[PDB]
Amino acid sequence: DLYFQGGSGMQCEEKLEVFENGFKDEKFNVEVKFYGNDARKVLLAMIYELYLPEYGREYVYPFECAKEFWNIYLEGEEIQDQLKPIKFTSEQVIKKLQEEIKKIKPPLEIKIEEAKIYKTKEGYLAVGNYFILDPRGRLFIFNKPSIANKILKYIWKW
């Protein structure tokens, strides 16, 4: 589980709180924060997808609430539903990816060498058990490994 600052969030469902750079959902046990470039629309899409089953695809209240909180325009209709593992990545690539981590300044240790590395049309994607570094310069940290797929679905869209 990750650190979230009490003062800085907005309640958007019974057990969903949204924060400046993340959200914590205690119903679905999904916690994510991002560092580096803006990933707020990825987080919005994750919220929509989480609550879609309860709301239908019309008015997803928590998604509308989070959009108001972040002052972001994003139509639910835009939120809709795959890539190449590297068998061996050079120490040099690992080392340069580790330097991207330093530039991003995450609140915990990320060791790229523990990640699975993929080549995409935009550069390297590193998928860890508690983090993802994408080639758009965003580092996601999350509370359990299965959150990775929820992120991976939307990181190319925004």
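Using the numbering used here, read the sequence shown as starting at -16 and increasing by one per residue.
Just so you know, even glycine gets a beta-carbon here, dropped at the ideal spot from N, CA and C.
By Cβ distance, which residues of its chain are closer than 7 angstroms to residue i, with the 5 residues on each side in sequence left out?
i: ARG23; result: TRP53 and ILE55
i: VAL76; result: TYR107
i: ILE69; result: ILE100, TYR101 and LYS102
i: residue 142; result: With the chain running from -16 to 141 in the structure shown, residue 142 is simply not present.
Could you compute how far the alpha carbon of residue i sits from the alpha carbon of residue j?
i: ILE93; j: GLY39; result: 37 angstroms
i: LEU(-15); j: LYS104; result: 31 angstroms
i: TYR44; j: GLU58; result: 13 angstroms
i: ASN12; j: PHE6; result: 11 angstroms
i: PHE2; j: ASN20; result: 16 angstroms
i: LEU122; j: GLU41; result: 31 angstroms
i: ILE62; j: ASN126; result: 23 angstroms
i: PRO36; j: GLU83; result: 37 angstroms
Give the C-beta separation of residue i and residue j to the nearest angstrom, bearing in mind that I take them to be a contact with Cβ-Cβ under 8 angstroms.
i: residue 202; j: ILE124; result: With the chain running from -16 to 141 in the structure shown, residue 202 is simply not present.
Looking only at its chain, what residues have a beta carbon closer than 6 angstroms to the beta carbon of residue i, apart from the 5 residues adjacent to it on each side?
i: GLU(-4); result: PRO45
i: residue 188; result: Outside the shown range of the chain (-16 to 141) lies residue 188, about which nothing can therefore be said.
i: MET29; result: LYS133
i: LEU33; result: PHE11
i: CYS48; result: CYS(-5)
Under 7 angstroms between the Cβ atoms of residue i and residue j?
i: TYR18; j: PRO128; result: no
i: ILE95; j: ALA109; result: yes
i: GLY(-8); j: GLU0; result: yes
Among residues of its own chain, excluding the 5 on either side of residue i, which ones have a beta-carbon nearer than 8 angstroms to its beta-carbon?
i: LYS50; result: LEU27, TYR56 and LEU57
i: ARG119; result: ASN20, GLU105 and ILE138
(request) Starting from the N-terminal side, write out each stretch of the alpha helix (DSSP H) that is 4 residues or longer and does not extend beyond the stretch 34 to 79. (result) 44 to 53
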